[PDB]
Amino acid sequence: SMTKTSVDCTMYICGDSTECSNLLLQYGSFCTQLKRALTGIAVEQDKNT
Amino acid sequence: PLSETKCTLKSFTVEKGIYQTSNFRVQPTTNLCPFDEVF
């Protein structure tokens with residue numbers, strides 16, 4: 001198994017800036033699918049073990 | 001918290017589980033200058 005990892009879009013891309021966070025919504029469903037992929041990877045690691 | 005999940009999954013019924021709804025950020029809460037020589 002690997003190390004289960006999780007990524008926060010707002011903290012990574014925009015940090016603590018509010019304006020960047022507001023502008024981030026315009027790009028759509030990127031973060032949803034990124035988090036879905038990472039969650040699937042983590043559940044897969046647990047299933048492997 | 002039930003609805004913040006219902007709203008995220010775009011569904012009105014949820015099945016037993018752990019789902020990541022969002023994130024919890026704690027939001028934000030002597031050499032004196034010689035004026036005495038002039039004034």
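Residue 1 is the first one shown; counting continues down the chain.
So how was this one determined? The header says electron microscopy, 3.0 Å.
For all residues, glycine too, the Cβ spot is worked out from N, Cα and C.
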Of the candidates A:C20, A:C31, which does Swiss-Prot name as forming a disulfide with A:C14?
A:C20
CB within-chain contacts under 8 A for A:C9 (disulfide bond), separation at least 6:
A:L24, A:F30, A:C31, A:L34, A:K35
